[PDB]
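Peer 1: Handing over data_0.cif, mmCIF, N, CA and C atoms.
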```
data_upload
loop_
_atom_site.group_PDB
_atom_site.id
_atom_site.type_symbol
_atom_site.label_atom_id
_atom_site.label_comp_id
_atom_site.auth_asym_id
_atom_site.auth_seq_id
_atom_site.Cartn_x
_atom_site.Cartn_y
_atom_site.Cartn_z
ATOM 1 N N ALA R 1274 0.805 -1.215 0.000
ATOM 2 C CA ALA R 1274 0.000 0.000 0.000
ATOM 3 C C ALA R 1274 0.840 1.268 0.000
ATOM 4 N N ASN R 1275 2.154 1.147 -0.173
ATOM 5 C CA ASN R 1275 3.060 2.292 -0.222
ATOM 6 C C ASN R 1275 2.916 2.943 -1.596
ATOM 7 N N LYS R 1276 1.849 3.719 -1.749
ATOM 8 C CA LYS R 1276 1.524 4.360 -3.016
ATOM 9 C C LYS R 1276 1.165 5.826 -2.777
ATOM 10 N N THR R 1277 0.708 6.488 -3.833
ATOM 11 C CA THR R 1277 0.235 7.855 -3.724
ATOM 12 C C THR R 1277 -1.123 7.875 -3.034
ATOM 13 N N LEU R 1278 -1.425 8.997 -2.373
ATOM 14 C CA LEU R 1278 -2.533 9.016 -1.422
ATOM 15 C C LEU R 1278 -3.895 8.948 -2.097
ATOM 16 N N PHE R 1279 -3.988 9.274 -3.385
ATOM 17 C CA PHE R 1279 -5.280 9.153 -4.047
ATOM 18 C C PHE R 1279 -5.541 7.716 -4.473
ATOM 19 N N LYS R 1280 -4.515 7.021 -4.964
ATOM 20 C CA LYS R 1280 -4.669 5.589 -5.185
ATOM 21 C C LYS R 1280 -4.713 4.828 -3.864
ATOM 22 N N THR R 1281 -4.099 5.368 -2.806
ATOM 23 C CA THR R 1281 -4.228 4.754 -1.486
ATOM 24 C C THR R 1281 -5.648 4.895 -0.953
ATOM 25 N N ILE R 1282 -6.259 6.065 -1.126
ATOM 26 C CA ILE R 1282 -7.631 6.220 -0.665
ATOM 27 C C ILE R 1282 -8.613 5.494 -1.584
ATOM 28 N N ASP R 1283 -8.246 5.237 -2.844
ATOM 29 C CA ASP R 1283 -9.084 4.382 -3.675
ATOM 30 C C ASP R 1283 -8.941 2.919 -3.277
ATOM 31 N N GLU R 1284 -7.743 2.506 -2.857
ATOM 32 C CA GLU R 1284 -7.559 1.183 -2.269
ATOM 33 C C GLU R 1284 -8.368 1.037 -0.987
ATOM 34 N N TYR R 1285 -8.465 2.112 -0.204
ATOM 35 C CA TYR R 1285 -9.288 2.093 1.001
ATOM 36 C C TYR R 1285 -10.764 1.934 0.660
ATOM 37 N N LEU R 1286 -11.289 2.794 -0.207
ATOM 38 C CA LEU R 1286 -12.719 2.742 -0.485
ATOM 39 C C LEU R 1286 -13.109 1.648 -1.475
ATOM 40 N N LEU R 1287 -12.162 0.892 -2.030
ATOM 41 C CA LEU R 1287 -12.508 -0.177 -2.960
ATOM 42 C C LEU R 1287 -12.008 -1.547 -2.527
ATOM 43 N N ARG R 1288 -10.725 -1.675 -2.186
ATOM 44 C CA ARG R 1288 -10.106 -2.971 -1.954
ATOM 45 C C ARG R 1288 -9.993 -3.332 -0.483
ATOM 46 N N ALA R 1289 -9.825 -2.355 0.407
ATOM 47 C CA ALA R 1289 -9.426 -2.612 1.788
ATOM 48 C C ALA R 1289 -10.584 -3.006 2.683
ATOM 49 N N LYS R 1290 -11.666 -3.499 2.111
ATOM 50 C CA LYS R 1290 -12.826 -3.948 2.860
ATOM 51 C C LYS R 1290 -12.784 -5.471 2.911
ATOM 52 N N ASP R 1291 -12.535 -6.006 4.101
ATOM 53 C CA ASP R 1291 -12.642 -7.431 4.355
ATOM 54 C C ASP R 1291 -14.116 -7.840 4.369
ATOM 55 N N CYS R 1292 -14.367 -9.143 4.303
ATOM 56 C CA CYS R 1292 -15.675 -9.676 4.642
ATOM 57 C C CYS R 1292 -15.509 -10.721 5.735
ATOM 58 N N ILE R 1293 -16.469 -10.749 6.657
ATOM 59 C CA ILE R 1293 -16.511 -11.711 7.749
ATOM 60 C C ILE R 1293 -17.868 -12.395 7.700
ATOM 61 N N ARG R 1294 -17.869 -13.726 7.793
ATOM 62 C CA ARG R 1294 -19.099 -14.499 7.691
ATOM 63 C C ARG R 1294 -19.999 -14.232 8.889
ATOM 64 N N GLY R 1295 -21.279 -13.997 8.617
ATOM 65 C CA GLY R 1295 -22.227 -13.552 9.614
ATOM 66 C C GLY R 1295 -23.260 -14.562 10.060
ATOM 67 N N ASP R 1296 -22.885 -15.827 10.246
ATOM 68 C CA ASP R 1296 -23.789 -16.791 10.858
ATOM 69 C C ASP R 1296 -23.112 -17.740 11.839
ATOM 70 N N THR R 1297 -21.841 -17.527 12.159
ATOM 71 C CA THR R 1297 -21.146 -18.337 13.146
ATOM 72 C C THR R 1297 -20.775 -17.478 14.343
ATOM 73 N N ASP R 1298 -20.477 -18.145 15.456
ATOM 74 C CA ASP R 1298 -20.101 -17.426 16.665
ATOM 75 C C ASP R 1298 -18.602 -17.209 16.774
ATOM 76 N N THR R 1299 -17.823 -17.749 15.849
ATOM 77 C CA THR R 1299 -16.408 -17.439 15.739
ATOM 78 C C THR R 1299 -16.166 -16.747 14.410
ATOM 79 N N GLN R 1300 -15.278 -15.760 14.414
ATOM 80 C CA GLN R 1300 -15.111 -14.912 13.245
ATOM 81 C C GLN R 1300 -14.368 -15.634 12.137
ATOM 82 N N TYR R 1301 -15.095 -16.398 11.333
ATOM 83 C CA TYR R 1301 -14.494 -17.096 10.212
ATOM 84 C C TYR R 1301 -14.259 -16.131 9.062
ATOM 85 N N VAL R 1302 -13.174 -16.357 8.326
ATOM 86 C CA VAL R 1302 -12.877 -15.502 7.183
ATOM 87 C C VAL R 1302 -13.869 -15.845 6.079
ATOM 88 N N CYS R 1303 -14.737 -14.896 5.773
ATOM 89 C CA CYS R 1303 -15.577 -14.975 4.594
ATOM 90 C C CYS R 1303 -14.742 -15.000 3.324
ATOM 91 N N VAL R 1304 -15.186 -15.808 2.368
ATOM 92 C CA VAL R 1304 -14.588 -15.863 1.042
ATOM 93 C C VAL R 1304 -15.630 -15.383 0.037
ATOM 94 N N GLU R 1305 -15.253 -14.369 -0.752
ATOM 95 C CA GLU R 1305 -16.080 -13.739 -1.787
ATOM 96 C C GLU R 1305 -17.383 -13.194 -1.185
ATOM 97 N N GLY R 1306 -17.226 -12.084 -0.470
ATOM 98 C CA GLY R 1306 -18.374 -11.419 0.110
ATOM 99 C C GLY R 1306 -19.273 -10.811 -0.943
ATOM 100 N N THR R 1307 -20.434 -11.425 -1.157
ATOM 101 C CA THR R 1307 -21.423 -10.916 -2.093
ATOM 102 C C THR R 1307 -22.714 -10.494 -1.407
ATOM 103 N N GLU R 1308 -22.731 -10.450 -0.075
ATOM 104 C CA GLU R 1308 -23.893 -9.995 0.670
ATOM 105 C C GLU R 1308 -23.566 -8.945 1.721
ATOM 106 N N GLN R 1309 -22.301 -8.819 2.116
ATOM 107 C CA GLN R 1309 -21.879 -7.833 3.101
ATOM 108 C C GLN R 1309 -20.402 -7.553 2.881
ATOM 109 N N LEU R 1310 -19.902 -6.532 3.574
ATOM 110 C CA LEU R 1310 -18.509 -6.119 3.418
ATOM 111 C C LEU R 1310 -18.115 -5.291 4.630
ATOM 112 N N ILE R 1311 -16.953 -5.585 5.204
ATOM 113 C CA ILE R 1311 -16.512 -4.958 6.445
ATOM 114 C C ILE R 1311 -15.412 -3.972 6.070
ATOM 115 N N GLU R 1312 -15.741 -2.684 6.009
ATOM 116 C CA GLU R 1312 -14.725 -1.696 5.676
ATOM 117 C C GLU R 1312 -13.938 -1.304 6.922
ATOM 118 N N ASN R 1313 -12.634 -1.114 6.748
ATOM 119 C CA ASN R 1313 -11.718 -0.868 7.862
ATOM 120 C C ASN R 1313 -11.083 0.506 7.755
ATOM 121 N N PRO R 1314 -11.442 1.450 8.623
ATOM 122 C CA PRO R 1314 -10.605 2.644 8.758
ATOM 123 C C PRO R 1314 -9.346 2.364 9.550
ATOM 124 N N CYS R 1315 -9.367 1.341 10.404
ATOM 125 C CA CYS R 1315 -8.210 0.997 11.213
ATOM 126 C C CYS R 1315 -7.227 0.085 10.491
ATOM 127 N N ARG R 1316 -7.360 -0.073 9.175
ATOM 128 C CA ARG R 1316 -6.252 -0.557 8.366
ATOM 129 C C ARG R 1316 -5.608 0.588 7.605
ATOM 130 N N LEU R 1317 -6.414 1.573 7.203
ATOM 131 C CA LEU R 1317 -5.881 2.767 6.563
ATOM 132 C C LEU R 1317 -5.050 3.588 7.534
ATOM 133 N N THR R 1318 -5.545 3.780 8.755
ATOM 134 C CA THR R 1318 -4.819 4.624 9.690
ATOM 135 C C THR R 1318 -3.753 3.862 10.463
ATOM 136 N N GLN R 1319 -3.800 2.523 10.441
ATOM 137 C CA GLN R 1319 -2.765 1.636 10.989
ATOM 138 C C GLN R 1319 -2.553 1.838 12.484
ATOM 139 N N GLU R 1320 -3.617 2.199 13.188
ATOM 140 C CA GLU R 1320 -3.585 2.276 14.638
ATOM 141 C C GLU R 1320 -4.728 1.446 15.198
ATOM 142 N N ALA R 1321 -4.951 1.592 16.495
ATOM 143 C CA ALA R 1321 -6.052 0.943 17.181
ATOM 144 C C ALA R 1321 -6.477 1.805 18.360
ATOM 145 N N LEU R 1322 -7.686 1.579 18.839
ATOM 146 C CA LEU R 1322 -8.203 2.501 19.834
ATOM 147 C C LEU R 1322 -8.267 1.842 21.202
ATOM 148 N N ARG X 99 -39.538 -7.403 -5.009
ATOM 149 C CA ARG X 99 -38.145 -7.815 -5.055
ATOM 150 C C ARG X 99 -37.338 -6.829 -5.881
ATOM 151 N N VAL X 100 -36.195 -6.424 -5.339
ATOM 152 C CA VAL X 100 -35.175 -5.732 -6.111
ATOM 153 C C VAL X 100 -34.183 -6.783 -6.576
ATOM 154 N N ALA X 101 -33.409 -6.436 -7.594
ATOM 155 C CA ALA X 101 -32.512 -7.401 -8.203
ATOM 156 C C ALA X 101 -31.165 -6.778 -8.529
ATOM 157 N N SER X 102 -30.129 -7.609 -8.474
ATOM 158 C CA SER X 102 -28.788 -7.204 -8.864
ATOM 159 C C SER X 102 -28.165 -8.327 -9.679
ATOM 160 N N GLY X 103 -27.130 -7.982 -10.438
ATOM 161 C CA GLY X 103 -26.486 -8.947 -11.308
ATOM 162 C C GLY X 103 -25.229 -9.537 -10.708
ATOM 163 N N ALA X 104 -25.059 -9.361 -9.401
ATOM 164 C CA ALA X 104 -23.870 -9.826 -8.702
ATOM 165 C C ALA X 104 -23.950 -11.333 -8.461
ATOM 166 N N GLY X 105 -22.917 -11.879 -7.814
ATOM 167 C CA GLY X 105 -22.875 -13.299 -7.514
ATOM 168 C C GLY X 105 -23.834 -13.732 -6.425
ATOM 169 N N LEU X 106 -24.369 -12.788 -5.657
ATOM 170 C CA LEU X 106 -25.352 -13.117 -4.634
ATOM 171 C C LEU X 106 -26.666 -13.501 -5.305
ATOM 172 N N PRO X 107 -27.403 -14.480 -4.771
ATOM 173 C CA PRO X 107 -28.516 -15.048 -5.537
ATOM 174 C C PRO X 107 -29.828 -14.312 -5.346
ATOM 175 N N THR X 108 -30.716 -14.467 -6.317
ATOM 176 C CA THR X 108 -32.060 -13.919 -6.276
ATOM 177 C C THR X 108 -33.065 -15.065 -6.222
ATOM 178 N N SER X 109 -34.237 -14.770 -5.678
ATOM 179 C CA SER X 109 -35.312 -15.741 -5.574
ATOM 180 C C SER X 109 -36.265 -15.559 -6.743
ATOM 181 N N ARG X 110 -36.929 -16.643 -7.127
ATOM 182 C CA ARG X 110 -37.806 -16.628 -8.286
ATOM 183 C C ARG X 110 -39.279 -16.654 -7.915
ATOM 184 N N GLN X 111 -39.601 -16.976 -6.665
ATOM 185 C CA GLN X 111 -40.991 -17.114 -6.256
ATOM 186 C C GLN X 111 -41.644 -15.748 -6.073
ATOM 187 N N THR X 112 -42.737 -15.534 -6.794
ATOM 188 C CA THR X 112 -43.466 -14.279 -6.779
ATOM 189 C C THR X 112 -44.934 -14.607 -6.547
ATOM 190 N N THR X 113 -45.586 -13.764 -5.738
ATOM 191 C CA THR X 113 -46.992 -13.878 -5.337
ATOM 192 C C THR X 113 -47.225 -15.205 -4.604
ATOM 193 N N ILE X 114 -46.658 -15.261 -3.397
ATOM 194 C CA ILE X 114 -46.895 -16.375 -2.492
ATOM 195 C C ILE X 114 -48.362 -16.389 -2.076
ATOM 196 N N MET X 115 -48.972 -17.573 -2.109
ATOM 197 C CA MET X 115 -50.414 -17.744 -1.942
ATOM 198 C C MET X 115 -50.659 -18.489 -0.634
ATOM 199 N N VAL X 116 -51.020 -17.751 0.413
ATOM 200 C CA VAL X 116 -51.207 -18.318 1.737
ATOM 201 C C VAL X 116 -52.700 -18.362 2.045
ATOM 202 N N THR X 117 -53.088 -19.302 2.906
ATOM 203 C CA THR X 117 -54.443 -19.399 3.430
ATOM 204 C C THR X 117 -54.416 -19.116 4.922
ATOM 205 N N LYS X 118 -55.431 -18.410 5.407
ATOM 206 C CA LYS X 118 -55.531 -18.067 6.816
ATOM 207 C C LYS X 118 -56.839 -18.600 7.378
ATOM 208 N N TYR X 119 -56.772 -19.163 8.579
ATOM 209 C CA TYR X 119 -57.934 -19.724 9.248
ATOM 210 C C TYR X 119 -58.432 -18.773 10.324
ATOM 211 N N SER X 120 -59.729 -18.841 10.580
ATOM 212 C CA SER X 120 -60.355 -17.982 11.568
ATOM 213 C C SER X 120 -60.474 -18.701 12.902
ATOM 214 N N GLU X 121 -60.322 -17.942 13.983
ATOM 215 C CA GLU X 121 -60.541 -18.463 15.322
ATOM 216 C C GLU X 121 -61.889 -17.986 15.852
ATOM 217 N N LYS X 122 -62.578 -18.877 16.553
ATOM 218 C CA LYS X 122 -63.919 -18.606 17.044
ATOM 219 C C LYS X 122 -63.844 -17.990 18.430
ATOM 220 N N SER X 123 -64.782 -17.095 18.725
ATOM 221 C CA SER X 123 -64.874 -16.468 20.044
ATOM 222 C C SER X 123 -66.303 -16.008 20.275
ATOM 223 N N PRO X 124 -67.175 -16.905 20.724
ATOM 224 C CA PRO X 124 -68.578 -16.536 20.908
ATOM 225 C C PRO X 124 -68.793 -15.728 22.174
ATOM 226 N N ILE X 125 -69.917 -15.015 22.205
ATOM 227 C CA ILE X 125 -70.292 -14.158 23.323
ATOM 228 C C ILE X 125 -71.760 -14.383 23.658
ATOM 229 N N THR X 126 -72.046 -14.567 24.945
ATOM 230 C CA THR X 126 -73.409 -14.764 25.415
ATOM 231 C C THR X 126 -73.741 -13.744 26.489
ATOM 232 N N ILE X 127 -75.039 -13.612 26.745
ATOM 233 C CA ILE X 127 -75.580 -12.813 27.840
ATOM 234 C C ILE X 127 -77.013 -13.275 28.097
ATOM 235 N N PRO X 128 -77.388 -13.583 29.330
ATOM 236 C CA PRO X 128 -78.783 -13.913 29.609
ATOM 237 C C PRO X 128 -79.596 -12.675 29.947
ATOM 238 N N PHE X 129 -80.906 -12.797 29.755
ATOM 239 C CA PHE X 129 -81.851 -11.832 30.304
ATOM 240 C C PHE X 129 -83.091 -12.574 30.763
ATOM 241 N N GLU X 130 -83.650 -12.135 31.884
ATOM 242 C CA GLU X 130 -84.691 -12.872 32.577
ATOM 243 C C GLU X 130 -86.025 -12.158 32.460
ATOM 244 N N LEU X 131 -87.094 -12.942 32.380
ATOM 245 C CA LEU X 131 -88.459 -12.438 32.362
ATOM 246 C C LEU X 131 -89.271 -13.201 33.393
ATOM 247 N N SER X 132 -89.937 -12.473 34.282
ATOM 248 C CA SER X 132 -90.809 -13.112 35.254
ATOM 249 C C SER X 132 -92.125 -13.500 34.598
ATOM 250 N N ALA X 133 -92.722 -14.591 35.083
ATOM 251 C CA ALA X 133 -93.974 -15.059 34.501
ATOM 252 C C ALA X 133 -95.125 -14.113 34.802
ATOM 253 N N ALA X 134 -95.033 -13.362 35.901
ATOM 254 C CA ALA X 134 -96.021 -12.325 36.173
ATOM 255 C C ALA X 134 -95.964 -11.232 35.117
ATOM 256 N N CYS X 135 -94.750 -10.827 34.735
ATOM 257 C CA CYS X 135 -94.589 -9.803 33.710
ATOM 258 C C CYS X 135 -95.066 -10.303 32.355
ATOM 259 N N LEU X 136 -94.844 -11.584 32.062
ATOM 260 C CA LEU X 136 -95.288 -12.129 30.784
ATOM 261 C C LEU X 136 -96.806 -12.269 30.733
ATOM 262 N N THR X 137 -97.418 -12.720 31.832
ATOM 263 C CA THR X 137 -98.868 -12.876 31.855
ATOM 264 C C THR X 137 -99.579 -11.532 31.846
ATOM 265 N N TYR X 138 -99.004 -10.512 32.481
ATOM 266 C CA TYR X 138 -99.597 -9.191 32.362
ATOM 267 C C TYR X 138 -99.273 -8.527 31.034
ATOM 268 N N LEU X 139 -98.239 -8.992 30.334
ATOM 269 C CA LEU X 139 -97.986 -8.497 28.992
ATOM 270 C C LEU X 139 -99.024 -9.016 28.009
ATOM 271 N N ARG X 140 -99.235 -10.332 27.976
ATOM 272 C CA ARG X 140 -100.064 -10.899 26.914
ATOM 273 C C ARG X 140 -101.556 -10.746 27.200
ATOM 274 N N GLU X 141 -102.043 -11.385 28.260
ATOM 275 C CA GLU X 141 -103.480 -11.512 28.494
ATOM 276 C C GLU X 141 -104.004 -10.235 29.138
ATOM 277 N N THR X 142 -104.458 -9.302 28.305
ATOM 278 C CA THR X 142 -105.103 -8.088 28.795
ATOM 279 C C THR X 142 -106.506 -8.413 29.293
ATOM 280 N N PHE X 143 -106.766 -8.132 30.569
ATOM 281 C CA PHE X 143 -108.089 -8.369 31.131
ATOM 282 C C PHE X 143 -109.045 -7.202 30.921
ATOM 283 N N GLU X 144 -108.632 -6.177 30.151
ATOM 284 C CA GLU X 144 -109.421 -5.031 29.631
ATOM 285 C C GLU X 144 -110.269 -4.311 30.685
ATOM 286 N N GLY X 145 -109.958 -4.446 31.970
ATOM 287 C CA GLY X 145 -110.891 -3.988 32.974
ATOM 288 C C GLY X 145 -110.972 -2.496 33.217
ATOM 289 N N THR X 146 -109.913 -1.923 33.772
ATOM 290 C CA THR X 146 -109.968 -0.594 34.368
ATOM 291 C C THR X 146 -108.641 0.112 34.108
ATOM 292 N N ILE X 147 -108.368 1.144 34.905
ATOM 293 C CA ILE X 147 -107.103 1.852 34.788
ATOM 294 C C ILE X 147 -105.945 0.984 35.266
#
```
Here is the file; what I need is its structure written in the form of structure tokens.
Peer 2:
Amino acid sequence: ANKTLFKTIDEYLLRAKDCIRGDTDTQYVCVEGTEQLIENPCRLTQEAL
Amino acid sequence: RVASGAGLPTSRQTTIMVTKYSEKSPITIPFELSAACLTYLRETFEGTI
């Protein structure tokens, strides 16, 4: 992600959204999210609260 | 139904046809008539005031 900030923010608003499966009680990695999408500001800013 | 062309699936069933049953709930109330009141109602003895 070491790119220019406009392609970085396009990576944020397009690519940097994980998906997590929403019917189990453990956070399984969703594969090919076609019903939901988990966008992360805390991957763009690289911190935690 | 709204529709999209993505990998997430759409349903084909349109105009679901359901039947509904009625529940019964009757209501009663009595009212009483004395035989003196009935006999003075019907058989007029035409006598006086």
Peer 1: Quick one: pick out all helix (DSSP H, G or I) residues within chain R from a backbone DSSP run and write them as JSON, numbers by chain.
Peer 2: {"R": [1278, 1279, 1280, 1281, 1282, 1283, 1284, 1285, 1286, 1287, 1314, 1315, 1316, 1317]}
Peer 1: Looking at X:147, X:101, X:113, X:107, which one is nearest to chain R, with distances taken over all atoms listed in the file?
Peer 2: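 Closest residue, counting all atoms listed in the file: X:107.
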Peer 1: Starting from the PyMOL selection byres ((chain R) within 8 of (chain X)), expand the selection into actual residues of this file and give them as a count of residues only.
Peer 2: 3
Peer 1: For residue R:1311, work out the shell of residues within 10 Å, counting only C-alpha atoms and skipping chain neighbours fewer than 4 positions away, then give it as a compact mmCIF listing (two decimals) with N, CA and C atoms, keeping the file's coordinate frame.
Peer 2:
```txt
# COMPACT_ATOMS: atom_id res chain seq x y z
N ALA R 1289 -9.82 -2.36 0.41
CA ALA R 1289 -9.43 -2.61 1.79
C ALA R 1289 -10.58 -3.01 2.68
N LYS R 1290 -11.67 -3.50 2.11
CA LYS R 1290 -12.83 -3.95 2.86
C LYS R 1290 -12.78 -5.47 2.91
N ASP R 1291 -12.54 -6.01 4.10
CA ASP R 1291 -12.64 -7.43 4.36
C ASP R 1291 -14.12 -7.84 4.37
N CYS R 1292 -14.37 -9.14 4.30
CA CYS R 1292 -15.68 -9.68 4.64
C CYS R 1292 -15.51 -10.72 5.74
N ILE R 1293 -16.47 -10.75 6.66
CA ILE R 1293 -16.51 -11.71 7.75
C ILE R 1293 -17.87 -12.40 7.70
N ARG R 1294 -17.87 -13.73 7.79
CA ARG R 1294 -19.10 -14.50 7.69
C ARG R 1294 -20.00 -14.23 8.89
N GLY R 1306 -17.23 -12.08 -0.47
CA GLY R 1306 -18.37 -11.42 0.11
C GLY R 1306 -19.27 -10.81 -0.94
```
Peer 1: What does the distance from atom CA of residue X:103 to atom CA of residue R:1313 come to in Å, to one decimal?
Peer 2: 25.5 Å
Peer 1: Find the distance between atom C of residue R:1314 and atom C of residue R:1295 and write it in Å to one decimal.
Peer 2: 21.9 Å
Peer 1: Using only C-alpha atoms, which residues sit within 12 Å of residue R:1287 once same-chain residues fewer than 4 positions away are excluded, as a PDB file with N, CA and C atoms, in the coordinates of the input?
Peer 2:
```pdb
ATOM      1  N   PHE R1279      -3.988   9.274  -3.385  1.00  0.00           N
ATOM      2  CA  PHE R1279      -5.280   9.153  -4.047  1.00  0.00           C
ATOM      3  C   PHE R1279      -5.541   7.716  -4.473  1.00  0.00           C
ATOM      4  N   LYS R1280      -4.515   7.021  -4.964  1.00  0.00           N
ATOM      5  CA  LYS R1280      -4.669   5.589  -5.185  1.00  0.00           C
ATOM      6  C   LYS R1280      -4.713   4.828  -3.864  1.00  0.00           C
ATOM      7  N   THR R1281      -4.099   5.368  -2.806  1.00  0.00           N
ATOM      8  CA  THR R1281      -4.228   4.754  -1.486  1.00  0.00           C
ATOM      9  C   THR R1281      -5.648   4.895  -0.953  1.00  0.00           C
ATOM     10  N   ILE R1282      -6.259   6.065  -1.126  1.00  0.00           N
ATOM     11  CA  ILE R1282      -7.631   6.220  -0.665  1.00  0.00           C
ATOM     12  C   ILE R1282      -8.613   5.494  -1.584  1.00  0.00           C
ATOM     13  N   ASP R1283      -8.246   5.237  -2.844  1.00  0.00           N
ATOM     14  CA  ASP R1283      -9.084   4.382  -3.675  1.00  0.00           C
ATOM     15  C   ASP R1283      -8.941   2.919  -3.277  1.00  0.00           C
ATOM     16  N   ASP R1291     -12.535  -6.006   4.101  1.00  0.00           N
ATOM     17  CA  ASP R1291     -12.642  -7.431   4.355  1.00  0.00           C
ATOM     18  C   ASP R1291     -14.116  -7.840   4.369  1.00  0.00           C
ATOM     19  N   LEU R1310     -19.902  -6.532   3.574  1.00  0.00           N
ATOM     20  CA  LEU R1310     -18.509  -6.119   3.418  1.00  0.00           C
ATOM     21  C   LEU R1310     -18.115  -5.291   4.630  1.00  0.00           C
ATOM     22  N   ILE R1311     -16.953  -5.585   5.204  1.00  0.00           N
ATOM     23  CA  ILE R1311     -16.512  -4.958   6.445  1.00  0.00           C
ATOM     24  C   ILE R1311     -15.412  -3.972   6.070  1.00  0.00           C
ATOM     25  N   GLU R1312     -15.741  -2.684   6.009  1.00  0.00           N
ATOM     26  CA  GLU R1312     -14.725  -1.696   5.676  1.00  0.00           C
ATOM     27  C   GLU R1312     -13.938  -1.304   6.922  1.00  0.00           C
ATOM     28  N   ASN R1313     -12.634  -1.114   6.748  1.00  0.00           N
ATOM     29  CA  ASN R1313     -11.718  -0.868   7.862  1.00  0.00           C
ATOM     30  C   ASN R1313     -11.083   0.506   7.755  1.00  0.00           C
ATOM     31  N   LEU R1317      -6.414   1.573   7.203  1.00  0.00           N
ATOM     32  CA  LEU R1317      -5.881   2.767   6.563  1.00  0.00           C
ATOM     33  C   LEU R1317      -5.050   3.588   7.534  1.00  0.00           C
TER      34      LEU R1317
END
```
Peer 1: Would you list, as a list in words, the residues of chain R that end up in strand (DSSP E or B) under DSSP run on this structure's backbone?
Peer 2: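 So, restricting chain R to strand (DSSP E or B), we get residues 1290, 1291, 1293, 1302, 1311 and 1312 of chain R.
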Peer 1: If you measure from atom CA of residue X:116 to atom CA of residue X:100, what distance in Å do you get, rounded to one decimal?
Peer 2: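 So the answer is 21.8 Å.
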Peer 1: If I only have part of stretch 1304-1317 of chain R, can you fill in N, CA, C and O atoms and write it as a PDB file, in the frame of the given file?
Peer 2:
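Output (out_12.pdb):
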```pdb
ATOM      1  N   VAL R1304     -15.186 -15.808   2.368  1.00  0.00           N
ATOM      2  CA  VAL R1304     -14.588 -15.863   1.042  1.00  0.00           C
ATOM      3  C   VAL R1304     -15.630 -15.383   0.037  1.00  0.00           C
ATOM      4  O   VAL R1304     -16.767 -15.877   0.024  1.00  0.00           O
ATOM      5  N   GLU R1305     -15.253 -14.369  -0.752  1.00  0.00           N
ATOM      6  CA  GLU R1305     -16.080 -13.739  -1.787  1.00  0.00           C
ATOM      7  C   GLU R1305     -17.383 -13.194  -1.185  1.00  0.00           C
ATOM      8  O   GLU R1305     -18.463 -13.788  -1.273  1.00  0.00           O
ATOM      9  N   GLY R1306     -17.226 -12.084  -0.470  1.00  0.00           N
ATOM     10  CA  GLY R1306     -18.374 -11.419   0.110  1.00  0.00           C
ATOM     11  C   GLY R1306     -19.273 -10.811  -0.943  1.00  0.00           C
ATOM     12  O   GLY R1306     -18.920  -9.809  -1.572  1.00  0.00           O
ATOM     13  N   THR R1307     -20.434 -11.425  -1.157  1.00  0.00           N
ATOM     14  CA  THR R1307     -21.423 -10.916  -2.093  1.00  0.00           C
ATOM     15  C   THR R1307     -22.714 -10.494  -1.407  1.00  0.00           C
ATOM     16  O   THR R1307     -23.701 -10.210  -2.092  1.00  0.00           O
ATOM     17  N   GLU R1308     -22.731 -10.450  -0.075  1.00  0.00           N
ATOM     18  CA  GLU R1308     -23.893  -9.995   0.670  1.00  0.00           C
ATOM     19  C   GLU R1308     -23.566  -8.945   1.721  1.00  0.00           C
ATOM     20  O   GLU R1308     -24.476  -8.243   2.171  1.00  0.00           O
ATOM     21  N   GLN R1309     -22.301  -8.819   2.116  1.00  0.00           N
ATOM     22  CA  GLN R1309     -21.879  -7.833   3.101  1.00  0.00           C
ATOM     23  C   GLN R1309     -20.402  -7.553   2.881  1.00  0.00           C
ATOM     24  O   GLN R1309     -19.726  -8.252   2.124  1.00  0.00           O
ATOM     25  N   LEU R1310     -19.902  -6.532   3.574  1.00  0.00           N
ATOM     26  CA  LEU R1310     -18.509  -6.119   3.418  1.00  0.00           C
ATOM     27  C   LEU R1310     -18.115  -5.291   4.630  1.00  0.00           C
ATOM     28  O   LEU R1310     -18.862  -4.398   5.037  1.00  0.00           O
ATOM     29  N   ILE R1311     -16.953  -5.585   5.204  1.00  0.00           N
ATOM     30  CA  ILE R1311     -16.512  -4.958   6.445  1.00  0.00           C
ATOM     31  C   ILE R1311     -15.412  -3.972   6.070  1.00  0.00           C
ATOM     32  O   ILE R1311     -14.270  -4.368   5.840  1.00  0.00           O
ATOM     33  N   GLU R1312     -15.741  -2.684   6.009  1.00  0.00           N
ATOM     34  CA  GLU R1312     -14.725  -1.696   5.676  1.00  0.00           C
ATOM     35  C   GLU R1312     -13.938  -1.304   6.922  1.00  0.00           C
ATOM     36  O   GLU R1312     -14.490  -1.207   8.021  1.00  0.00           O
ATOM     37  N   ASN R1313     -12.634  -1.114   6.748  1.00  0.00           N
ATOM     38  CA  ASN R1313     -11.718  -0.868   7.862  1.00  0.00           C
ATOM     39  C   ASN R1313     -11.083   0.506   7.755  1.00  0.00           C
ATOM     40  O   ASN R1313     -10.236   0.735   6.874  1.00  0.00           O
ATOM     41  N   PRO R1314     -11.442   1.450   8.623  1.00  0.00           N
ATOM     42  CA  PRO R1314     -10.605   2.644   8.758  1.00  0.00           C
ATOM     43  C   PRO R1314      -9.346   2.364   9.550  1.00  0.00           C
ATOM     44  O   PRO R1314      -8.336   3.059   9.371  1.00  0.00           O
ATOM     45  N   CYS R1315      -9.367   1.341  10.404  1.00  0.00           N
ATOM     46  CA  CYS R1315      -8.210   0.997  11.213  1.00  0.00           C
ATOM     47  C   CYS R1315      -7.227   0.085  10.491  1.00  0.00           C
ATOM     48  O   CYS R1315      -6.354  -0.495  11.141  1.00  0.00           O
ATOM     49  N   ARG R1316      -7.360  -0.073   9.175  1.00  0.00           N
ATOM     50  CA  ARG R1316      -6.252  -0.557   8.366  1.00  0.00           C
ATOM     51  C   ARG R1316      -5.608   0.588   7.605  1.00  0.00           C
ATOM     52  O   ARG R1316      -4.393   0.582   7.383  1.00  0.00           O
ATOM     53  N   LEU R1317      -6.414   1.573   7.203  1.00  0.00           N
ATOM     54  CA  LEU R1317      -5.881   2.767   6.563  1.00  0.00           C
ATOM     55  C   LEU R1317      -5.050   3.588   7.534  1.00  0.00           C
ATOM     56  O   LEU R1317      -3.950   4.038   7.192  1.00  0.00           O
TER      57      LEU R1317
END
```
